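Shown here is one chain on its own, the form deposited in one PDB entry, set out as structure tokens.
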């Protein structure tokens, strides 16, 4: 019913031949600011540009021959789509990707570069799911959840696992929260390598459905939030994700878009790395409570760096 550190440890072994052991970056500037030692696990450097490659590969690596021969299909507007496209190509599995007619050029080219078969639909009529069900059932294609799947969350969790192995136990771990895949998997690693670690999920304040769920004790749904963290606009947590979250997550924090923008610029000018808006949640939340992190070892996950260069330029000049 629920994955454990073991699955994360196995996922590590299962994806080792293809995943990147992303670097852990450090900033003397950040440390002085926090009066502590901060560690950044940079998944923006992961294959495809986001941690998602982990969960996607782990899940696809566990499909049977019939499914692998038939292929998979994805319709997510987020990083999961290219995570699936690239993993599928790596594993010799055909992949169909449903994208909006006006999808960013770079993302479309990336997807075709990964061998994905692009099927387009009109954004104004978001009947993606309808199309996905019709197509996947008619062609016997498999659809891997972007977060609410035991194999997917175990894979995402391998990023946290690697962090600790390189740096060691931690007092706190800040992780981006959308559907909960990264959050749940990261919790499994944390509780193992450093049982005395405060684990925080972070959501854009305009969409704290996760926070309400955490407090309510049951999954709460909300209208799609208006925020620049395009990768964290989910409307509700997943069953498998929330279960692990309510039992291993200490608390869900929220940050404003203004803070995300400040973090995005800091990463670029001060750390020289490109990070997408959603990937700034964890750092923003951490900075907000730095006064409470004196002389501790903090971990910050940078979920990804796939930001349309135009939006990136736009935010950098804000």
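Rigid core here is just the name for the largest C-alpha set that superposes within 1.5 Å across the two forms. Numbering follows the first chain given and starts at 1.
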Averaging the C-alpha temperature factors as deposited, the higher value of 57 to 65 versus 287 to 295 falls on 287 to 295
Would you determine, from the values in the PDB entry, which of 16 to 24 and 304 to 312 has the greater average C-alpha temperature factor? 16 to 24
Which one of 203, 230, 122, 166 shows the top CA temperature factor in the record? 166
Listed options 159, 109, 90, 197: highest C-alpha B factor recorded at 197
Third of the chain, ranked by Cα B-factor, where residue 40 sits: middle
Hey, what third does residue 181 fall into on Cα B-factor, ranked over its chain? middle
How does residue 96 rank on Cα B-factor within its chain, lowest, middle or highest third? lowest
So, residue 249's CA B-factor, relative to its chain, sits in which third? The highest
Could you say whether, by C-alpha temperature factor, residue 129 belongs to the lowest, middle or highest third of its chain? highest
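Not pictured, yet referred to below: the form deposited in another entry.
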Listed options 166, 223, 247, 129; Cα moving by 2 angstroms or more between the shown form and the other one (core superposition): 129
Once you line up the core, how about residue 117: does its CA shift reach 2 Å between the shown form and the other one? yes
Is_shifted residue 107 between the shown form and the other one (CA, 2 Å cut-off, rigid core): yes
Core aligned, does the CA of residue 214 move at least 2 Å between the shown form and the other one? no
